[PDB]
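This document opens with one chain alone, in structure tokens, the form deposited in one PDB entry.
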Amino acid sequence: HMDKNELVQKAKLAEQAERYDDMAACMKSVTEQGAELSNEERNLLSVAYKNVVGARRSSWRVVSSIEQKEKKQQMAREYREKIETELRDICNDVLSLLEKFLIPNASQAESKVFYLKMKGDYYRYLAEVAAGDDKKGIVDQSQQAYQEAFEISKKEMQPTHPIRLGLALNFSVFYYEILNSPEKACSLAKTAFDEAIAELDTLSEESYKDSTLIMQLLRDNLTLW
């Protein structure tokens, strides 16, 4: 109902103004118009929410770091729980946008792998803050989203593909950071890297830097791991 070109224009204005809450709101209304998103719009939605949840991820770490060092700790904890509530609201908004629109609309394997990686990413962020029974189900949903995206990417995507390479990076970090398997991480990362360099010559110029950057960060995570 609202003109989508206007929402995308203001989303870019919001991005430049560092008003990411506004930027997410614009891209949420675009997505909720039911049509499948262009690569630009999809990238705008991804940056917006990545920044909105990024702010709460960092604030949570700070306050949770304070909570570990009887009335002071009770104030930190209450605040920490306020930040988690916002973090779970943002993640749920995104996960629900993926379930209702983005994943069901994904015409091609490139799109489908992107959105299923996004679902792994936002369950991963929930996992960083979740506890108990809630958490186990959360961690499980993340591994499933990533794992299915991988299989679609092995089958339908040139290892060249940046979307496929970004998926391998975050899945390997999910293994490393969330599941404490350093050996499942480097293996994943090692494999996806050299699958792509073997076919580095086929890479198109509109995708060369995007792929090679991720490939570098694959190696970068390796060195630290």
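Rigid core (definition): largest C-alpha set, two forms, superposition within 1.5 Å. Residue numbers run from 1 along the displayed sequence.
- Across the other compared structures of the same protein with both neighbouring residues present, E205 lacks coordinates in at least a third.
- On average the C-alpha atoms of 195 to 203 have higher B-factors than those of the other stretch, with 59 to 67 and 195 to 203 being the two compared.
- Taking the PDB entry as given, 209 to 217 carries the higher mean Cα B factor of the two stretches 8 to 16 and 209 to 217.
- Among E148, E99, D133, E84, the highest C-alpha B-factor recorded in the PDB entry belongs to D133.
- Listed residues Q144, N92, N105, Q73 were ranked by CA B-factor as deposited; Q73 comes out on top.
- Looking at the C-alpha B-factors along this chain, the one for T31 belongs to the lowest third.
- Split the chain's modelled residues into thirds by C-alpha temperature factor. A185 is in the middle one.
- In the PDB entry, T160 places in the highest third of its chain by CA B-factor.
- Looking at the C-alpha B-factors along this chain, the one for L167 belongs to the middle third.
- Among the modelled residues of its chain, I178 has a C-alpha B-factor that falls in the highest third, as given in the PDB entry.
Only in words, not in the display: the form deposited in another entry, which the text now covers.
- A 2 Å or larger CA shift between this form and the one not shown, after fitting on the rigid core, occurs at just one of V173, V47, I163, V63, namely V63.
- With the core held fixed between this form and the one not shown, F101 has its Cα displaced by under 2 Å.
- After superposing the rigid core, the C-alpha of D89 moves by less than 2 Å between this form and the one not shown.
- Positional change of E78 between this form and the one not shown reaches 2 Å or more at the C-alpha, relative to the superposed core.
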